Amino acid sequence: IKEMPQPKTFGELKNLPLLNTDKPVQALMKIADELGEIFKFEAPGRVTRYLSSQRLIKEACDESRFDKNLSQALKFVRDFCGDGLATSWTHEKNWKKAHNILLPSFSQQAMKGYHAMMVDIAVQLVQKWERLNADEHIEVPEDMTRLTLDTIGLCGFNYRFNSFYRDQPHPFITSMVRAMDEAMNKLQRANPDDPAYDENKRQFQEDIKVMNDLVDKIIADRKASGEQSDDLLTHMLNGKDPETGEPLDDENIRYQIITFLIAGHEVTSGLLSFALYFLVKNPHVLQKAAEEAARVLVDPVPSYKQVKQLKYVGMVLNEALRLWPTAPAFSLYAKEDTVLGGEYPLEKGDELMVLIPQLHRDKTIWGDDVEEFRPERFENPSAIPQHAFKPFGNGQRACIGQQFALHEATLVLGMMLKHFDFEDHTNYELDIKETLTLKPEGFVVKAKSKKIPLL
Ligand code: HEM
Ligand SMILES: O=C(CCCCn1ccnc1)N[C@@H](Cc1ccccc1)C(=O)O
């Protein structure tokens, strides 16, 4: 039985002030560098254990021993995502019911139906960049978020956010971002009922009311029109859980839509932003990915089958997820008493955090070159040890949107590589901005058209 280490404490605040920082995930990664594969993290009324080694995480991913926990962050997000799929406990009736209903909407097979709508938005991105003047540049995360937001809006419920027509965010997005910020900022308030925060609470409720009212009207409008657009909303309005025989109710449908829009916003655009960052920093890798794009994407717009054939582009995306997974942690609890790694006894109910970026830097798995960007690591999934690579979570609670995100990202990155040469014209210094997701803040490039038509 080993005692686990613990980072520095602040008296009765315990470790909580360590997360009173602009970049808490990177702070936790530095703590893991100092303390090793496991450390205890205490706050007032809270104890968790951060895991960073594949040795321990492979045990944490044993679904017979550990189930998904709502982290404090997810408990705060649940105030506006409700019992949608990502903020539900596994034992809540609406988790399994929504899971069974929505799985066919998110499969590779469903991607064939979404493909034309994804192409629609990808073409708008390419056309924007074709239309820039000589020495203008691209604001990468900003344009990637325009693309991913528009793609989930259109595939999700046939709604055009028209992000490439505007600078100012959509009213839904304004309230979503401000609610997420309040949820993230609240992971520090010792006296949340202090009259000091009444304005934060008032604003938080107005933002929740904005999201609910707007989504509820999208649902009511679709029901009033009878239109059967083949999108996630139609699937939720018509689908029935094979187990209970029941459909989702309108309240839970709204929670799912809010959940999908958040997932498809900066969490997914972050992947594209980091991938393009690593490509311009590794010109030989960019060259190889651009050679694949040219060879495969032989038609004016890509087909579904062509996207599946962008194997090296897919490897680029997985290697970007290895280094900077954009949903950087998930939480587990012990279903029963158990011992972790032969060394750390856990009681039923004890909580674990999986620190994904640090897992993905385990040199016993990847070798000494863990910081290098080498997509070839992903040539063969059977050569990767179990539970070494977890950017989409674990088990039945893994990301339902994984195929959607990777199809979207592979399509757009392929088209980017086909149509432009890229310049890191500022020699950009990576600065990772943290919300509940991760983003290369201020990442800019110049894109020179190869003058290949879309017609
Ligand atoms: C690269 C992009 C994405 C990444 C890295 C990602 C990552 C993750 C991770 C790590 C989890 C597990 C969370 C936990 O255990 O607490 C998760 C769950 C989930 N994600 Fe994603 N996600 C991505 C894109 C998406 C998209 C595009 C959608 C939907 C449009 C989506 C919808 C969901 C849902 C509904 C869940 C909860 C699944 C369940 O518990 O049944 N995600 N995602
Ligand atoms: O350490 C994370 C990382 C957040 C990851 C969120 N996220 C969302 C999607 N992907 C990842 N959270 C913890 C933070 C914490 C720990 C102890 C005490 C108070 C607060 C938590 O929330 O309790």
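Quick reminder, even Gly has a Cβ in these numbers, built from the backbone with ideal geometry, and neighbours come from all protein chains shown. Since every read-out is calculated from the coordinates, none of them should be taken as a lab result.
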So the FRET efficiency between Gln188 and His235, C-beta based with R0 = 25 Å and rounded to 0.05, is 0.05
Can you tell me how much longer the chain between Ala388 and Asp120 gets when fully stretched, taken as 0.36 nm per residue apart minus their C-alpha distance, in nm with one decimal?
92.9 nm
Which residue, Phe392, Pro169, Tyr197, has the largest displacement toward the positive end of the dipole of the chain when charges sit on each Cβ (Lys, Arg +1; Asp, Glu -1)?
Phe392
Among all the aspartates and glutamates, which ones have a C-alpha under 18 Å from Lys433's C-alpha, if same-chain residues fewer than 8 places away are not counted?
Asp22, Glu139, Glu142, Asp143, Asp181, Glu182, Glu266, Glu441
For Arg222, the net charge from surrounding residues (Cβ-Cβ under 13 Å; K, R +1; D, E -1) works out to -3
For segment 221-315, which trypsin sites (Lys or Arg not before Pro) are in a loop by DSSP, counting at most 15 other Cβ atoms within 10 Å?
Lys240
Most to least packed among 314-327, 60-73, 225-238 [average Cβ atoms within 10 Å]:
314-327, 60-73, 225-238
From the cross-link list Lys14/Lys363; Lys30/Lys96; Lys112/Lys311; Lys240/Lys348, the entries with a Cα-Cα span beyond 27 Å are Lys14/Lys363; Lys30/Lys96; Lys240/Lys348
To make sure I understand, if each residue's beta carbon is the centre and we count other beta carbons within 10 Å, what order do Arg78, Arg146, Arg202 fall in, fewest to most?
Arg202, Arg78, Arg146
When the Karplus curve 6.51 cos²θ - 1.76 cosθ + 1.60 is applied with θ = phi - 60°, which whole-Hz ³J(HN,Hα) does each residue of segment 183-199 get, with x for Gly and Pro?
4, 5, 5, 6, 6, 7, 7, 6, 10, x, 8, 4, x, 4, 9, 4, 5
How much length is gained if the chain between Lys75 and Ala220 is pulled fully straight, taking 0.36 nm per residue apart and subtracting their Cα-Cα distance, in nm to one decimal?
49.4 nm
Calculate, in nm to one decimal, what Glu371 and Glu199 gain on full extension: separation in residues at 0.36 nm each, minus their alpha carbon distance.
57.6 nm
With a Förster distance of 45 angstrom and the Cβ-Cβ distance between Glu12 and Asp249, calculated FRET efficiency to the nearest 0.05 equals 0.55
Among 388-397, 186-195, 411-420, how do they line up from the highest to the lowest mean number of other beta-carbon atoms within 10 Å?
411-420, 388-397, 186-195
How large are Rg and Dmax for the chain when only the alpha carbon atoms are used, in Å?
22.1, 67
Per DSSP helix of 4 or more residues, -39500 (n - 2.57); summed, then divided by the residues of the chain. What does that give at 222 nm, rounded to the nearest 500?
-15000 deg cm²/dmol
